[PDB]
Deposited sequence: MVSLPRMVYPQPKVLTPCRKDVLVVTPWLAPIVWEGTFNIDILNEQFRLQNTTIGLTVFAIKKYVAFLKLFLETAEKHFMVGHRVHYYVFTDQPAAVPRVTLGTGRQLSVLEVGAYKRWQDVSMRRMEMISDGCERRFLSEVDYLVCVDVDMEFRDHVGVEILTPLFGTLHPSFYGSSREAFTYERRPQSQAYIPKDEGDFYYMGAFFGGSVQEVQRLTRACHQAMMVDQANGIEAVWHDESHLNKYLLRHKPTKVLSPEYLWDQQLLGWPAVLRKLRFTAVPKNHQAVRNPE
């Protein structure tokens, strides 16, 4: 493969590492051939969780079809579809080493943390995404790490005081005006099974505390996710390539690939 050269950076236009030395994942920062080999040597299995409740079942077909084309191809994958309509889950043909389970539900942080023993035995990593999305380009093992969050596409150019963090100190999700690294979106986070269960257990415990206190955070689980990732910093951060809306935000030059996008 091409020899990396220490005096020529590959991307000079964007921050590629956080101040706590976590990679920020942009096209041009990674050689996928190297990463794929490292992960295949461990026989890595990746869990992908998706909720499709009520009308949101309609999003599953495209979601799964497109995951088959772009998500962890070559690796073992277990889709977990949480739904109130198990008969509405479309039958999508999967690649080898890939499987899907339908979990019937009667919330997300709760539901993710007691499927607890199940995830620990079956997968190495867990990835938690919104269903009303499609994959348009490669989303692979470059994202895998103990704990990651994703930069919210509306706020990646913003200063922290503009971040729509929870601001009432009454709320467990509270983050002061002069604190904060990034604004992460709740639509795409993950990590090791152990780290995702810690995060979701913490968010769940914090939401219950707010509830028993008569307050709900301004952006609900996304508020608590941001407070967690402030105090427990992610080991990788995904760039907005991994969570975008072309309709609302177009295709700027700084995004070489649009990998996982909102469905119009």
Deposited residues without C-alpha coordinates, grouped into stretches that follow sequence order = 1-8, 115-124, 132, 284-293
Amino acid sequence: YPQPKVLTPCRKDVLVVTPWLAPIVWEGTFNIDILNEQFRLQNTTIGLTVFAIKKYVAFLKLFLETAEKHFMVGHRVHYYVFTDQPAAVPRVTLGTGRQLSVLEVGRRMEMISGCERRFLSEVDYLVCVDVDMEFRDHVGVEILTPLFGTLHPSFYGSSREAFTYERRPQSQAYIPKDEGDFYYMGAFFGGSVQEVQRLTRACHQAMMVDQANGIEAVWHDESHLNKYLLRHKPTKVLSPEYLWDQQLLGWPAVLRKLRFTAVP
From here on, numbers count along this sequence of modelled residues.
inquiry  = I'd like to know whether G191, which is modelled here, goes unmodelled in a third or more of the other compared entries that cover its flanking residues.
reply    = no
ask   = Do at least a third of the other entries of this protein fail to model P90?
value = no
note = Between 30-38 and 221-229, the record assigns the higher mean Cα B factor to 221-229
task = Would you mind comparing 79-87 and 127-135 for me and telling me which has the higher average C-alpha temperature factor in the entry?
result = 79-87
Member of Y165, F182, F71, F148 with the greatest C-alpha B factor (per the PDB record) = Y165
task = Sort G95, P153, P169, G191 by C-alpha B-factor from the entry and give me just the highest.
result = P169
task = Taking the chain's C-alpha temperature factors as the reference, tell me which third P23 falls into: lowest, middle or highest.
result = lowest
task = Ordered by C-alpha B-factor within the chain, which third holds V6? Give me lowest, middle or highest, please.
result = highest
task = Using the B-factor values recorded in the entry, state whether the Cα atom of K61 falls in the lowest, middle or highest third among the modelled residues of its chain.
result = middle
ask   = Lowest, middle or highest third: where is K55 by Cα B-factor in its chain?
value = highest
key: Record-listed C-alpha B factor of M207: chain third   = highest
